[PDB]
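**Student:** Please find entry36.txt (compact mmCIF, C-alpha atoms) on the next line:
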```txt
# COMPACT_ATOMS: atom_id res chain seq x y z
CA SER A 1 42.84 107.63 -31.39
CA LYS A 2 39.52 108.07 -29.63
CA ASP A 3 37.74 106.26 -32.47
CA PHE A 4 38.66 102.87 -30.99
CA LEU A 5 40.02 101.09 -27.93
CA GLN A 6 42.87 98.62 -27.60
CA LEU A 7 41.76 95.11 -26.67
CA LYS A 8 43.06 94.02 -23.29
CA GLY A 9 45.97 91.62 -23.52
CA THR A 10 46.83 92.62 -27.09
CA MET A 11 49.58 94.90 -28.39
CA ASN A 12 48.13 95.19 -31.91
CA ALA A 13 44.35 94.71 -31.64
CA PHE A 14 41.67 97.36 -31.29
CA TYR A 15 37.93 97.80 -31.68
CA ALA A 16 35.98 100.68 -33.24
CA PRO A 17 32.47 100.83 -31.71
CA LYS A 18 30.83 103.26 -34.12
CA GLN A 19 32.08 101.00 -36.90
CA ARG A 20 31.66 97.76 -34.91
CA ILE A 21 35.01 96.56 -36.23
CA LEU A 22 37.78 94.49 -34.65
CA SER A 23 41.13 95.16 -36.31
CA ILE A 24 44.59 93.63 -35.88
CA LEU A 25 47.62 95.50 -37.18
CA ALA A 26 49.65 93.25 -39.45
CA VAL A 27 53.13 94.26 -38.28
CA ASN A 28 52.53 97.38 -36.18
CA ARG A 29 52.22 97.92 -32.44
CA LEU A 30 49.59 100.03 -30.75
CA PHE A 31 50.68 102.89 -28.51
CA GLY A 32 49.28 105.43 -26.09
CA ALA A 33 46.26 103.39 -25.00
CA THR A 34 45.26 104.68 -21.57
CA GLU A 35 42.16 102.46 -21.74
CA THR A 36 41.43 98.92 -22.84
CA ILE A 37 38.30 96.85 -23.40
CA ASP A 38 37.90 93.17 -22.61
CA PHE A 39 37.11 91.01 -25.61
CA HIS A 40 33.60 89.62 -25.75
CA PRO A 41 31.60 87.72 -28.40
CA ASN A 42 29.00 90.49 -28.53
CA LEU A 43 31.62 92.65 -30.23
CA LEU A 44 31.42 90.38 -33.28
CA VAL A 45 27.84 91.32 -34.04
CA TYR A 46 26.55 88.93 -36.69
CA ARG A 47 25.95 90.83 -39.92
CA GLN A 48 22.56 90.09 -41.46
CA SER A 49 22.27 89.90 -45.24
CA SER A 50 19.77 88.03 -47.38
CA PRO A 51 22.42 87.34 -50.03
CA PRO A 52 25.86 86.63 -48.55
CA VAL A 53 27.94 89.79 -48.58
CA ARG A 54 30.74 89.27 -51.08
CA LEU A 55 34.34 89.70 -49.95
CA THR A 56 37.55 90.08 -51.94
CA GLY A 57 41.27 89.67 -51.38
CA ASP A 58 42.60 87.35 -48.71
CA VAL A 59 39.93 85.70 -46.57
CA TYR A 60 40.37 83.13 -43.80
CA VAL A 61 37.87 80.98 -41.92
CA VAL A 62 37.87 81.33 -38.13
CA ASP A 63 34.61 79.54 -37.33
CA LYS A 64 32.54 78.16 -40.19
CA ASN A 65 29.70 77.38 -37.80
CA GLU A 66 29.65 80.99 -36.57
CA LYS A 67 30.44 82.58 -39.95
CA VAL A 68 33.55 84.20 -38.46
CA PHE A 69 36.20 85.28 -40.92
CA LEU A 70 39.45 87.22 -41.04
CA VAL A 71 39.81 89.57 -44.01
CA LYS A 72 43.07 91.13 -45.12
CA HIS A 73 42.64 94.90 -45.19
CA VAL A 74 45.00 97.81 -45.80
CA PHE A 75 44.09 101.23 -44.49
CA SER A 76 44.07 103.72 -47.37
CA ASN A 77 47.11 105.32 -45.79
CA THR A 78 48.72 101.94 -46.47
CA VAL A 79 48.51 100.36 -43.01
CA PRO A 80 48.28 96.56 -43.33
CA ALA A 81 45.97 94.75 -40.94
CA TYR A 82 43.15 92.23 -40.70
CA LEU A 83 39.48 92.69 -39.88
CA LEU A 84 37.70 90.07 -37.79
CA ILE A 85 34.08 89.85 -38.94
CA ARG A 86 31.09 87.69 -38.08
CA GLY A 87 28.06 87.42 -40.33
CA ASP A 88 26.60 86.20 -43.59
CA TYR A 89 29.69 86.53 -45.79
CA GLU A 90 31.03 84.75 -48.85
CA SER A 91 34.44 84.89 -50.51
CA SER A 92 35.06 85.76 -54.15
CA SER A 93 38.26 83.69 -54.14
CA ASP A 94 39.40 80.58 -52.32
CA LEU A 95 39.48 80.82 -48.54
CA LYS A 96 42.94 80.52 -47.02
CA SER A 97 44.36 78.70 -44.02
CA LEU A 98 45.19 80.75 -40.94
CA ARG A 99 48.66 79.16 -40.84
CA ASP A 100 49.51 81.51 -43.71
CA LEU A 101 49.28 84.37 -41.21
CA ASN A 102 52.31 85.66 -39.36
CA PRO A 103 53.06 84.61 -35.77
CA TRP A 104 52.20 88.12 -34.55
CA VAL A 105 48.61 88.11 -35.78
CA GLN A 106 48.33 84.42 -34.92
CA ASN A 107 49.25 85.05 -31.28
CA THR A 108 46.82 87.94 -31.08
CA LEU A 109 44.09 85.75 -32.57
CA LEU A 110 44.78 82.94 -30.11
CA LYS A 111 44.49 85.39 -27.23
CA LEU A 112 41.27 86.84 -28.60
CA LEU A 113 39.57 83.55 -29.50
CA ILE A 114 40.54 80.78 -27.09
CA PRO A 115 38.50 81.37 -23.91
CA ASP A 116 40.64 81.75 -20.80
CA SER A 117 38.95 78.94 -18.92
CA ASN B 1 -15.80 60.61 4.82
CA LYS B 2 -16.15 56.95 5.84
CA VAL B 3 -17.66 53.68 4.64
CA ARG B 4 -18.16 50.17 5.96
CA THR B 5 -18.38 46.64 4.60
CA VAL B 6 -20.16 43.52 5.81
CA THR B 7 -19.03 39.96 5.09
CA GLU B 8 -21.49 37.11 5.52
CA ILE B 9 -21.85 33.52 4.38
CA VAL B 10 -24.99 32.64 2.44
CA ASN B 11 -26.10 29.84 4.76
CA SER B 12 -24.97 31.55 7.99
CA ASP B 13 -26.06 34.71 9.76
CA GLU B 14 -22.74 35.39 11.51
CA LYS B 15 -21.66 38.62 9.81
CA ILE B 16 -18.40 40.53 10.20
CA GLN B 17 -18.53 44.31 9.83
CA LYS B 18 -15.48 46.48 9.17
CA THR B 19 -15.23 50.25 8.84
CA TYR B 20 -12.93 52.26 6.57
CA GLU B 21 -11.96 55.92 6.78
CA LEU B 22 -11.69 57.36 3.29
CA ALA B 23 -9.03 59.89 4.33
CA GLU B 24 -6.34 57.32 3.52
CA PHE B 25 -7.57 56.85 -0.04
CA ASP B 26 -7.94 60.62 -0.33
CA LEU B 27 -4.28 61.00 0.59
CA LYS B 28 -3.34 58.34 -1.95
CA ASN B 29 -5.30 60.11 -4.68
CA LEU B 30 -3.93 63.56 -3.83
CA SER B 31 -0.34 62.33 -3.77
CA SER B 32 -0.83 60.55 -7.09
CA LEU B 33 -2.31 63.64 -8.73
CA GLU B 34 0.39 65.92 -7.34
CA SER B 35 3.15 63.63 -8.58
CA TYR B 36 1.52 63.28 -12.00
CA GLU B 37 1.12 67.04 -12.43
CA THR B 38 4.67 67.70 -11.26
CA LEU B 39 5.97 65.16 -13.76
CA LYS B 40 3.96 66.69 -16.60
CA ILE B 41 5.15 70.21 -15.87
CA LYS B 42 8.78 69.16 -15.50
CA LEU B 43 8.51 67.23 -18.76
CA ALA B 44 7.18 70.31 -20.54
CA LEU B 45 9.90 72.51 -19.06
CA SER B 46 12.61 70.04 -20.06
CA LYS B 47 11.17 69.86 -23.57
CA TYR B 48 11.25 73.65 -23.82
CA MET B 49 14.86 73.78 -22.65
CA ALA B 50 15.76 71.02 -25.08
CA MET B 51 14.26 72.71 -28.13
CA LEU B 52 15.99 75.96 -27.18
CA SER B 53 19.23 73.98 -27.04
CA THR B 54 18.36 72.50 -30.43
CA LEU B 55 18.40 76.05 -31.75
CA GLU B 56 22.02 75.86 -30.56
CA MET B 57 22.74 79.35 -29.27
CA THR B 58 26.12 79.63 -27.57
CA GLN B 59 25.18 82.05 -24.81
CA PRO B 60 22.86 81.30 -21.89
CA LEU B 61 19.34 82.68 -21.87
CA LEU B 62 19.96 85.73 -19.69
CA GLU B 63 23.09 86.68 -21.63
CA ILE B 64 21.11 86.36 -24.85
CA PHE B 65 18.45 88.74 -23.59
CA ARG B 66 21.13 91.12 -22.31
CA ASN B 67 22.86 91.24 -25.71
```
Will you turn the file into C-alpha cells for me?
**Tutor:**
Amino acid sequence: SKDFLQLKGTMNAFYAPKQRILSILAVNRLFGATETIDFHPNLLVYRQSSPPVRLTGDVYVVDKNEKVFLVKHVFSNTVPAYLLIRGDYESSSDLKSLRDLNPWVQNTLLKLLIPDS
Amino acid sequence: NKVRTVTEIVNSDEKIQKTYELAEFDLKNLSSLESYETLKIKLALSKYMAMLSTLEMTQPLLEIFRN
C-alpha cells in the first residue's frame, strides 16, 4: 500500500514514514512495489524517553551500543512480522538471540544491517 | 633597522667594527611566531575533533547536520 515502501534488495521488508517504522514480514513476501527506498541509518530514528520504554513479547538485541532491537509483532489482522526499532527501550522479559529467528528474516536483516562496503 | 658592534682590547686602541642588519633577526622572529601560532591553532582544532570523536557519533559532521 501507499502507507509504506519496500526496502531495496528485500522481498519482505518495508518502511512506513508517517509511522517511522521498519517492518519485516515473518513468512510473507511483498508484492506490487513499483518503488523502493534504499536503507539508511536515519530511518531508525532514535526514540527519546526519560524512562526506557517498556516492551513485551519477543525482543532481540541488534546493537546494544545503538539501542537497536527487533520486536516480534503481529498485525491485528494476524500478520506475523518483526519491527526494527532504535531508541531508549527496555524489555519486560529476557532478550533473545537472533539465531532463534528464521533464515528468511535473518537474511533480510543481514542485507539491511551489514554495510555493503 | 641596523646596529653595529665594536671590539677592542683594554690596553690597545686597535678596534674592530662590524655592522649587523636586523632584517635577518626580524625574519627569524616572524618565522618563529608564525610557526608557534600555526601549531597552537592546529592543536586546538585537533583537540576539538578529538572531543567530538569522544562523543562517538557514527556519522560524519556534515551528515549529522543533514540528518
**Student:** Calculated over only C-alpha atoms, which of the candidates A:102, A:12, A:65, A:91 has the smallest distance to residue 33 (chain A)?
**Tutor:** A:12
**Student:** Dump as a PDB file with C-alpha atoms, keeping the file's coordinate frame the residues of chain B that approach chain A to within 10 Å, counting only C-alpha atoms.
**Tutor:**
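That gives us selection_21.pdb:
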```pdb
ATOM      1  CA  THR B  58      26.120  79.630 -27.570  1.00  0.00           C
ATOM      2  CA  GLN B  59      25.180  82.050 -24.810  1.00  0.00           C
ATOM      3  CA  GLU B  63      23.090  86.680 -21.630  1.00  0.00           C
ATOM      4  CA  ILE B  64      21.110  86.360 -24.850  1.00  0.00           C
ATOM      5  CA  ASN B  67      22.860  91.240 -25.710  1.00  0.00           C
TER       6      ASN B  67
END
```
**Student:** How far is it from CA of residue 14 (chain A) to CA of residue 103 (chain A), in Å with one decimal?
**Tutor:** 17.7 Å
**Student:** Ranking A:87, A:8, A:58, A:32 by minimum distance to residue 73 (chain A) and counting only C-alpha atoms, which one comes first?
**Tutor:**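 Among the listed residues, the smallest separation from residue 73 (chain A) belongs to A:58.
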**Student:** Please compute the CA of residue 36 (chain A)-CA of residue 104 (chain A) distance, one decimal, in Å.
**Tutor:**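 Separation between CA of residue 36 (chain A) and CA of residue 104 (chain A): 19.2 Å.
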**Student:** Could you list, as an MDAnalysis selection string, every residue within 7 Å of residue 60 (chain A), counting only C-alpha atoms and ignoring same-chain residues fewer than 3 positions away?
**Tutor:** chainID A and resid 69:71 95:98
**Student:** Work out how far CA of residue 21 (chain A) is from CA of residue 82 (chain A), in Å to one decimal.
**Tutor:**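 Separation between CA of residue 82 (chain A) and CA of residue 21 (chain A): 10.2 Å.
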**Student:** Would you list the contacts of region 1-3 of chain A as a PDB file with C-alpha atoms, in the coordinates of the input, taking every protein, DNA or RNA residue within 9 Å and counting only C-alpha atoms, but skipping same-chain residues closer than 5 positions in sequence?
**Tutor:**
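Result written to result-v2.pdb:
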```
ATOM      1  CA  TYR A  15      37.930  97.800 -31.680  1.00  0.00           C
ATOM      2  CA  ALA A  16      35.980 100.680 -33.240  1.00  0.00           C
ATOM      3  CA  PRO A  17      32.470 100.830 -31.710  1.00  0.00           C
ATOM      4  CA  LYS A  18      30.830 103.260 -34.120  1.00  0.00           C
ATOM      5  CA  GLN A  19      32.080 101.000 -36.900  1.00  0.00           C
ATOM      6  CA  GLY A  32      49.280 105.430 -26.090  1.00  0.00           C
ATOM      7  CA  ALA A  33      46.260 103.390 -25.000  1.00  0.00           C
TER       8      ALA A  33
END
```
**Student:** Show which residues sit within 9 Å of region 48-50 of chain A, as a ChimeraX atom specification. Count only C-alpha atoms, and ignore same-chain residues fewer than 3 positions away.
**Tutor:** /A:53,87-89
**Student:** Could you check the closest approach to residue 37 (chain A) for each of A:92, A:112, A:51, A:76 and tell me which residue wins, using all atoms listed in the file?
**Tutor:** A:112
**Student:** Find the residues near residue 23 (chain B): any atom within 12 Å, counting all atoms listed in the file, skip ones fewer than 5 places away on the same chain, and give them as a list in words.
**Tutor:**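 Contacts, in chain order: residues 1, 2, 3, 28, 29 and 30 of chain B.
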**Student:** Show me the residues around (-13.7, 48.0, 6.8) - criterion: an atom at most 8 Å away, all atoms listed in the file counted - as a ChimeraX atom specification.
**Tutor:** /B:3-6,17-20
**Student:** Excluding residue 44 (chain A) and residues on its chain fewer than 6 positions from it, collect all residues at most 9 Å away from it, counting all atoms listed in the file, and give them as a ChimeraX atom specification.
**Tutor:** /A:20-22,68,84-87
**Student:** Those selected residues, please, written with C-alpha atoms and delivered as a CSV table (one decimal), in the coordinates of the input.
**Tutor:**
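And here is the file that came out, result32.csv:
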```csv
chain,number,residue,atom,x,y,z
A,20,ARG,CA,31.7,97.8,-34.9
A,21,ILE,CA,35.0,96.6,-36.2
A,22,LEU,CA,37.8,94.5,-34.6
A,68,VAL,CA,33.6,84.2,-38.5
A,84,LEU,CA,37.7,90.1,-37.8
A,85,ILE,CA,34.1,89.8,-38.9
A,86,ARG,CA,31.1,87.7,-38.1
A,87,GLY,CA,28.1,87.4,-40.3
```
**Student:** Anything within 12 Å of (52.3, 98.5, -29.9): list those residues as a PyMOL selection string, counting all atoms listed in the file and sticking to the file's coordinates.
**Tutor:** chain A and resi 6-7+9-14+24-33+104+108
**Student:** Which residue, A:4, A:40, A:117, A:23, has the smallest gap to residue 105 (chain A) when you use only C-alpha atoms?
**Tutor:**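 Looking only at the distances to residue 105 (chain A), the closest residue turns out to be A:23.
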